[PDB]
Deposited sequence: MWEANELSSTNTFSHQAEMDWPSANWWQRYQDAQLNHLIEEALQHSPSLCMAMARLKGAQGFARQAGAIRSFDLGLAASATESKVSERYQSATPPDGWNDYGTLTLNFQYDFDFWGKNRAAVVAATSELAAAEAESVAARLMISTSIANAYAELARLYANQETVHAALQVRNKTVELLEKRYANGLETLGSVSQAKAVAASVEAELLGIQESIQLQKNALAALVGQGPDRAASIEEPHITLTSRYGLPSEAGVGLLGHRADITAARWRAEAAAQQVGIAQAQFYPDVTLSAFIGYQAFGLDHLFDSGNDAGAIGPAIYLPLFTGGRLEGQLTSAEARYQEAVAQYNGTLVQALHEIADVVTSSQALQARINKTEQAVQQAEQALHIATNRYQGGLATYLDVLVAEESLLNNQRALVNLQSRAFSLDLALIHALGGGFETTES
């Protein structure tokens, strides 16, 4: 199914180059890279909760103690003190709170990894879809330009006839109005082409000088040959975020249980900075502490409610993502299955209108039909030719819609 570099299947080295440029260096690329690195840093920070912490502390203080407060034998006046210690703290994690925190953070990272794939897909498909439109525009340009050549040929026939007393000025004027209108349409298409090149340049992270070297597409379209949702990075990301939320419910539950910590220090403390290192002025301690909240008035309880709510939200978000992915795939299937008959009937309208015009103009070049018959046929032909070109372009768009709906093929 969809390749990793799936755009290569269209055999357009243009398209290949545009996507390749965007995926090597472009702002959308860099932002996606950055957002993944962010999640990596966040995961790293979270994992620290399961380590011990070590720090060095030192102080020098000039202090005067109250004479009648907490010491029966306080030193007199202002004296200097110093300390210099190595300090240690470790949280025991008896209920798994901190482990759950790390699982939540790593689940977020897994979601971030999936989102980086989704970002690659969003870049490549945004370019391919813009390219599809460029191709559609160039097709409409060819169709309208060819019609213009004909409209001009009709004016000049009708003018030669009018000159020889074989046609009216009304017909001539109408034909000139038709030709001017078709040319106006062509100019609009040509503007759109250039606008679309500008957009492609921006999509690949470049200024508008990149647009100057964009040429007519040459796309080769080949027919291809619930279980279909496993390459959807959005579903994967939402899965992992629902896992992270579940873990956060666990954290909130574990906050009701005793927290057991271990602290320690070792170093020197002295009355007199010049005595900091004297024999006997070492100090140290180690021991566990436990804290058990007994009544918080709603803090622990409310936090648990909020964590449950976030889990429920995340599950609903996952469900929504599944529903939306199935909708997207269902639509691609619907439209893909409808396309051939649409094209078929529109081809038939083109061909019958082309016959109509051929007969109308033969008859005109021989004085049996009016100019009006020609105008009506010309208009019907052009309208159907444009409809056809747009449906042919739709085949490419639908192939791209399938690739998007399947989530690409990054692997």
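Coordinate coverage of the deposited sequence breaks at 1-20, 246-252, 439-442, these segments carrying no C-alpha atoms.
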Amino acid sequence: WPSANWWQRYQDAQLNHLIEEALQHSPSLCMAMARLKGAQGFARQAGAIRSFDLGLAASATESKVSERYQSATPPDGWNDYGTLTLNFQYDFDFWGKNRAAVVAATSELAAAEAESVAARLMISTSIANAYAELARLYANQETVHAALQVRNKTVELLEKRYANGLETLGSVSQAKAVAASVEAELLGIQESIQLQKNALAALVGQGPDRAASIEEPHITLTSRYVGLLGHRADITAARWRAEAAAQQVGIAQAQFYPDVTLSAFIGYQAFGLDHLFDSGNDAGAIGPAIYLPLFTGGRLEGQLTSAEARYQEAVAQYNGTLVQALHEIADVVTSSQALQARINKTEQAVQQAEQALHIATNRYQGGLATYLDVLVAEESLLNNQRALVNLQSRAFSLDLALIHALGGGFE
From here on, numbers count along this sequence of modelled residues.
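Averaged over CA atoms, B-factors in the entry run higher in 209-217 than in the other of 209-217 and 113-121. When the C-alpha B-factors of 288-296 and 166-174 are averaged, 166-174 comes out higher. Note on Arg151, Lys97, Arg136, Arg241: the highest value goes to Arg151, judged by CA B factor as recorded. Considering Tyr225, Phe277, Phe88, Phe271 together, the PDB entry gives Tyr225 the largest C-alpha B factor. Among all modelled residues in this chain, the alpha-carbon of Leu382 has a temperature factor (C-alpha) in the middle third. Sorting the modelled residues of the chain by their CA temperature factor places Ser107 in the lowest third.
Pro75: CA B factor lies in the middle third for its chain, per the PDB record. The entry lists a Cα temperature factor for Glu301 that places it in the lowest third of the chain's modelled residues. Split the chain's modelled residues into thirds by C-alpha temperature factor. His358 is in the highest one.
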